[PDB]
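Protein chains in written order, with the deposited numbering: chain V, 509 to 678; chain E, 3 to 113; chain C, 2 to 56, 63 to 212, 220 to 245, 254 to 291, 298 to 621, 623 to 649, 653 to 1116; chain W, 54 to 157; chain G, 273 to 336, 346 to 438; chain A, 2 to 93.
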Amino acid sequence: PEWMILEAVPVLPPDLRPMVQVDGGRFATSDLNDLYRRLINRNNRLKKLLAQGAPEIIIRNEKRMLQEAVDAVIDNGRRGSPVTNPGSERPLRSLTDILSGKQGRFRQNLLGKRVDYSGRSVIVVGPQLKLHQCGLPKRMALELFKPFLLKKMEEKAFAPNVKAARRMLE
Amino acid sequence: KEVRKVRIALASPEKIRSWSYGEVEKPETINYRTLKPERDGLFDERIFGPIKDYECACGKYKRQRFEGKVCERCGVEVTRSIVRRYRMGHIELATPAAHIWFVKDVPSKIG
Amino acid sequence: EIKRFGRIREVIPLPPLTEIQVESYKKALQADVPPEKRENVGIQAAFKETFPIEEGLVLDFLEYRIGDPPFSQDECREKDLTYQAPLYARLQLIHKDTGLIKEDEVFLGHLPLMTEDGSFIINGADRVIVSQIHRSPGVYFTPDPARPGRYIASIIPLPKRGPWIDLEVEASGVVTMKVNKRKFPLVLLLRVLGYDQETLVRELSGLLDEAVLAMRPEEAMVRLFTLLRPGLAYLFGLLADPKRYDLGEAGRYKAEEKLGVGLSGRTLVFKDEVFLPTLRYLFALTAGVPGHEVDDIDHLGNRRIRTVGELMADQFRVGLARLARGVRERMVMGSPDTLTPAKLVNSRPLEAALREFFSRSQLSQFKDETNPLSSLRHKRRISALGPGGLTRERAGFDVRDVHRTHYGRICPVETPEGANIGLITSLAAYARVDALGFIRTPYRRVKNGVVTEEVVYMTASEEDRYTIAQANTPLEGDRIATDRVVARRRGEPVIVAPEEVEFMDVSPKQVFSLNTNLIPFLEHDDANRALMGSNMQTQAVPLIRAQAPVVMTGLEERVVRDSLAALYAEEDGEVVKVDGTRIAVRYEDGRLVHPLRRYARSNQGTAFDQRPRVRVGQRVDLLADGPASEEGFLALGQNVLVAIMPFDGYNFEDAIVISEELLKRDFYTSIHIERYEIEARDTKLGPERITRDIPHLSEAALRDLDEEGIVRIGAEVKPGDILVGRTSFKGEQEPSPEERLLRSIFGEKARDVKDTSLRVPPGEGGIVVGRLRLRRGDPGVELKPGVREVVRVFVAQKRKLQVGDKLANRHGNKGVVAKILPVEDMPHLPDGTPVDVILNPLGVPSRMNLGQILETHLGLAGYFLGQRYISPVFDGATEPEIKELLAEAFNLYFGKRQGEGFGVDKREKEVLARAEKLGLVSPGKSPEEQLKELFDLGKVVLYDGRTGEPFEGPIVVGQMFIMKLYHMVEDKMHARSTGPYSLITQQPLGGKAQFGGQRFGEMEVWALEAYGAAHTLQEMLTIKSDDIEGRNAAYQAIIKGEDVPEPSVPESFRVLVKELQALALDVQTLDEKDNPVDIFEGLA
Amino acid sequence: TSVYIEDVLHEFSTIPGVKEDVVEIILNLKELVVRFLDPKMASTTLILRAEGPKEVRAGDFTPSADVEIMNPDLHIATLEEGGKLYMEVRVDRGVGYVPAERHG
Amino acid sequence: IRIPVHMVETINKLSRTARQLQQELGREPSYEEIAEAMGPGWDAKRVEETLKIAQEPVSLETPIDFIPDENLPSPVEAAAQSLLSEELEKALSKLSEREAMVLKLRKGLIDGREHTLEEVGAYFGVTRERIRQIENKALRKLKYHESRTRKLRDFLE
Amino acid sequence: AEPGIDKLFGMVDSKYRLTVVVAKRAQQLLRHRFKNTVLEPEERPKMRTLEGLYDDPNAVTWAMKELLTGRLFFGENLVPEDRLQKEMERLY
Ligand SMILES: [Zn+2]
């Protein structure tokens, strides 16, 4: 029943994202962190705000902060913790509506993945050889096959080392 | 080897520290009013405090390191997290809490 | 060729639309008018309705002042800055001794504007507001959907300004008033309102069954506060600010006619005002006689169209308050050195709650200035969507059975779409004049020179529907009139002496918007066909060539003009000019030069030009063309020939077939301008700039074209072609190993400034209408702080029409180029002329029916007959018309040949054979007569540039209309390979060059596993997805050569794991037989 | 196949004292045809001292022979005081249709 | 991130100052225009450096994985890496140990030790003399074999 | 569809099991040295494209067509998945 808690455990990688320009805006930051903070600050202010003898009342009212502060990284499901505080707005991405939730990360990277030689195009039709046959535009195509493309170009004329290859597709 | 049955479930606080391994606590300066990166407390690169001049001891071999100031052959330049997991320790020792204990009356309520 | 058809034209197309717009700016926004008049309305109100923010210590609100735009137009578009126009407002403070300091309007802040045009300008992005509607104030009562227990439903002043009261008729409490967010014994209310027992009961009216609480005028005061927010009576009635409805109608004139009589300026001011006229009524309403419990039922006599002059100005109140209790925090802190009616009111919380509006307030729908029209429509469109409560996609609680049709002809029923359907459309021509300020009002006719339009509410005395007549009086004897909704036969009111209090469509078109009354036989197709048309027109393209349709409605007399596409005039006349770019003047008020366009940027590509017309002196009254235009005749597409039938099915399902000649005379082509924003901030590690001395890669490929950074105008560009080469110091990945074995091997030493350039996106071969440079510290440069330079070069592209773009006509027929033909082929008319365009039936003709076609036959009476025509709606242009017209036509055509060389040929004749056996031609005179008929409706012979035979069958042909919408191809395509490769996501979506994607998310999956594409299915989530190493394992794999690229190793999952382990979990990637236990990933 | 002007940078760009507009211009130049005496001639050039106010049309170019212009009137320009126009058009002889690919 | 009373008390300044000049001008004053409002050392660059760090911006964090981008461990790059290397191994096939290894250790290709020419001279007996010649003996014999057989494209990576 | 495809699907225990076999005797096939398939003379498919010809580098199709020569079996045979490389020397 180690469900009682004494050591939340947040990672750090996902956040340290930095400056995005073009069109009309730049500046850059992340969430879960500023969301995380909530914690440590409290759990830090507690200790140094007790050691200096903070009798009753105070003590609990604080400490508990951690508690509430914990229902942070976890699930924002009660009164909310909007950013822009006071801020009457958005919901802190606390594994709710996002990450683990539905259609945010889980419902996303389970199937909502991505090919890498994918692509798209319009639509046509018209007698060819029908079946097994397909439109596909010279260029457009190419890339999809760019890899081997080089390869065949190897031993068989075209070019020498694949080194170049793309060097010719410029 | 080759994957199979996928286990999971708890990992008592005793465990926290296991993965936690170390690293954490302290403050979380989301950068300095100056040189953006680091802070020597938060997303601080594990054992990276301006010029710790250490930590590279844990690593057996592979390549050189220890460049005094700035940064050595650490992760900060390459292999930094490598999208891998990195656990934080949290200093958390204060009273209690609750991993949400969900919304079905378990890990309490019933017991 | 002014072939007039439309009989009896009276009123003019409500001169001139573009009201909803201005209607806000001005009629609602006093401003450029004395500081004395205009009751409250929009801004004048708020100010007073905004109590002089209390703490002596008393501020004051006195008079405004505006105009004086610090940045005149154009300038702004050369940069950004909305064409905002700052104001101020004198503020004298009150307090203790000699309380006054009447400061200089307290030099407030700026506020954007509206160009006469009929739209808005923001950060150089001419955008648009758009209207909002909603159940309008008064009282409803509503029809108890729960269990037949008729109650009531009280209004709000407007959304953002009041509580929603209700008075139930339940059981476990006979009437539980519902205060906005609440529910309680309404009886516990009236008590604390003087009227309690004896004073209210037996005078008017489950009653006081709880009369126990009808004793003291304060009982519930508190007693009530105990059940609301946590365990209020300042607002909700008392005073004026919350529960206060006004303006002059509904907000006010709600009771005065519906409740009985005895208005106020709110309700329950605690001296009750309406809480009596409401229940008194439901009491003599439920069971009594006065029914008229006519629920909104969406009826427009209960709905409100709101001109933006209340859309933001409302929120204006809420802002000049986000400053009230923002300044009150100023009357406490900061000694008097720092205290004055000029040291609190700061332009930091006001302009904000407004700029954070026009720029991203949804509705704003960055104007769709595509063609000249579309745009306009936006200035209309109209929606109950936005911030007012009627909102989201695909329902709340109810939305499907709701905003359906209605009882408002003052609106087209063919404009929405299919998704967030209904909740979007557009007003109509004759609609909203004089009092549009509250509830729509369509014009009406009354037999002679008089007019009325008491809203789209007039449902008393019925009306006629423009049909049959003769100098004020017809003879139908069965007046095709209308009552409310049904369509009773008639009852000719009797006296030409005015209509039955209003009766006459006044004109046909009045029923539809505008984006409608412009399609040919728009009385001959399914509604949804048209629909899928009255929106296609929303997306045209300046084919530069333009044409103005053989068929059409002179409404184009407006379309252009009132949208100010082309230009106009002024009193006197006589030109002179230079033409080139500018235009001569006039005579009246002296000379007057005249700018134009120069292609210019549109908000998507249009690139609008303005070639002109003239030569010497003529003043009616036009002046210089429009983008998509011809002599005032709103031209949009290119009406080349056409002809039903199939051909090698190169028109299956629903496709079109073009003829290369449709390129020869560059008929179909256009242009689009993409602004390319490229910057160079400057950290402190690396400083980014633009020296044309690009590193590493030095070649003629650069120095010749670019040079000194910027590239001269008139330079052809292709994919990857540097647009504004640049540098950046930057040292991210320092010196390589073996690489050194090269940096010298060839001796190109080393570099020191990562290439960082622009290089044209994936693909956009084009030209250059110019460039543009910018920089910090400059007076006019409103760049983002911490930066310098904001290169912004322009490029447009002489489009074309390859193989894929959408064509579509005016009656619903989306093209999709098949395989344009090289002359030789085609349908060679007996006289050479091949059929430039085809359009095989099936698809929507037989299917989802239409009429158009009459736009084909009558059509041929064009390339031949030589005249163009005007075809009104629900009037003129009919099945016999074309005949009388098809007439002289044949004699004509057949004429030539019969007097030129031939008359009847084996082929041309033979066919006629079947023509009979077929069940068409009558066995008459020589091939002449018969060959004729075929004409009339059907089309003359025709052969085939393929075999050369004839086309056994009275084929059909006739120049019509071809549009070629926006959805091109070179713009709607993204092909690639590895290209992306994004981080954090570790999944495709990354490239300072590329930028594609392609989801496989769900479904796409399923269908695949539906078979055994294991190695292929897994393949996705494996290498070609997020196997990282796997990634490289790939390219390398094949790049190298043969080999079943590596097995696999997920990742996004590896993420979830930790992502999960985030919380108190674990993920023993448990192995085989329990005890093996695998936790793979942990280093490798 | 290939034109030019002088004070004009590119196609999608205007010309002073010229209502036409480059686009327009070529879009009128396109339908101009000619004939070439001799088979040697691979393709020649044409000029035009289009000056000051006037009407401006085909036969107002180089009075060269060897290549006659079976198109007279052919409304080419329209300048009114913005005199200036001297241009370098390159006529070709081929077989078919060949737009923006064969840059003369 | 970190706010000593070095910026808040100063940002409140330019803020109250910009709001100060505001009511007494009519338009949002520029940056340099504020310089005078302030004083010594307060030019424009510094007035811009401050309101460039923070006050409460640092984005709102995540509206709309609100932003993409990338280039960390470039996929195609890490693939064009093994090539150049394995490519050199081949381009080094037509070399002599008394030059190949000489290069390896020299430029530091063997492992990563950019040994000086002395370390290369010690182990490799003979003093720099013939060695220095072997050094340049390479380059040419390494570049000469290029213009006649492409490979001058590996430089772009 | 597939050349002879009809002689496949049935001549097995069920769809997949077929496709399966195929893509193995492919890499294993050509990818393990072009000269390996069972076919002998010209029955070995070709690609008479432009002016010149050559065996379709798309190995995958050999196997399909290779399953038309009595040769080759399929099933739990020779458990040494490794020893499939026991030939990896006899064919170099
Ligand atoms: Zn170090």
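No residue lacks a Cβ here, since even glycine has one placed at the ideal position from N, Cα and C.
Exposure label - residue i; buried when at least 16 CB within 10 Å
i	result
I885(C)	buried
residue 216(C)	Gap in chain C between 212 and 220; residue 216(C) lies inside it and carries no coordinates.
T54(W)	exposed
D74(W)	buried
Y596(C)	exposed
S730(C)	exposed
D145(W)	exposed
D607(C)	buried
Cut-off 8 Å between Cβ atoms - residues of its own chain near residue i, not counting five sequence neighbours on either side
i	result
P982(C)	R939, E940, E942, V943, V973, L974, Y975, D976
residue 441(G)	Any answer about residue 441(G) is impossible in this case: the structure gives chain G only from 273 up to 438.
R640(C)	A656, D657
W1038(C)	none
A947(C)	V953, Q962, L966, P986
Contacting residues, own chain, Cβ-Cβ under 7 Å from residue i (five flanking each side not counted)
i	result
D600(C)	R614, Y615, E616, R648
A225(C)	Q204
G414(C)	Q139, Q390, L391
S22(E)	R89, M90, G91
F114(W)	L99, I100, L101
Proximity test, Cβ basis, 8 Å: residue i and chain B
i	result
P69(W)	The structure shown contains no chain B; the protein chains it does contain are V, E, C, W, G and A.
>> Closer than 6 Å between the C-beta and any heavy atom of ligand 1: which residues qualify, listed along the chain?
In response: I53(E), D55(E), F68(E), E69(E), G70(E), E74(E)
> Counting Cβ pairs closer than 8 Å, one from the stretch 450 to 470 of chain C and one from the stretch 4 to 15 of chain C, do we hit at least three?
Replying inline: yes
> Between the stretch 350 to 368 of chain G and chain V, which residues of the former have CB atoms less than 9 Å from a CB of the latter, in chain order?
Replying inline: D350, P356, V357, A361, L364, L365, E368
> Taking any Cβ of chain V, which residues in the stretch 990 to 1009 of chain C have a Cβ under 8 Å from it, in chain order?
Replying inline: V1001, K1004, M1005, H1006, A1007, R1008, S1009
>> Please list, in chain order, the residues of the stretch 598 to 627 of chain V that have any C-beta partner in chain C closer than 9 Å.
In response: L603, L607, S608, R613, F614, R615, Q616, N617, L618, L619, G620, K621, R622, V623, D624, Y625, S626, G627
> For the stretch 71 to 100 of chain E, which residues have a beta carbon sitting closer than 7 Å to at least one beta carbon of chain G?
Replying inline: none
>> Three Cβ pairs or more, each shorter than 8 Å: is that satisfied between the stretch 84 to 104 of chain W and the stretch 124 to 137 of chain W?
In response: Result yes; three or more Cβ-Cβ pairs closer than 8 Å.
>> Output needed in chain order: residues of the stretch 32 to 46 of chain E with a Cβ under 9 Å from some Cβ in chain G.
In response: From the stretch 32 to 46 of chain E, only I32, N33, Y34, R35, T36, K38, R41 have a Cβ closer than 9 Å to chain G.
>> So, does the stretch 665 to 679 of chain C touch the stretch 580 to 590 of chain C, judging by three or more C-beta pairs under 8 Å?
In response: yes
> What are the residues of the stretch 958 to 980 of chain C that lie near chain G, defined by any Cβ-Cβ distance shorter than 8 Å?
Replying inline: Of all residues in the stretch 958 to 980 of chain C, none comes within less than 8 Å of chain G when Cβ atoms are compared.
>> By the 7 Å beta-carbon criterion, what residues does the stretch 842 to 868 of chain C contribute toward chain V?
In response: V848, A850, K851
> For the stretch 810 to 841 of chain C, which residues have a CB atom closer than 7 Å to at least one CB atom of chain W, in sequence order?
Replying inline: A828, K830
>> Any contact between the stretch 677 to 687 of chain C and the stretch 882 to 902 of chain C? By contact I mean 3 or more CB pairs, one from each, below 8 Å.
In response: no
> Would you call the stretch 550 to 569 of chain C and the stretch 495 to 507 of chain C touching, i.e. three or more CB-CB distances under 8 Å?
Replying inline: no
> Taking one C-beta from the stretch 899 to 917 of chain C and one from the stretch 700 to 712 of chain C each time, how about it: are there three or more such pairs within less than 8 Å?
Replying inline: no
> Does the stretch 333 to 340 of chain C come within contact of the stretch 310 to 318 of chain C, defined as at least 3 CB pairs closer than 8 Å?
Replying inline: With the cut-off at 8 Å, the stretch 333 to 340 of chain C and the stretch 310 to 318 of chain C do not touch.
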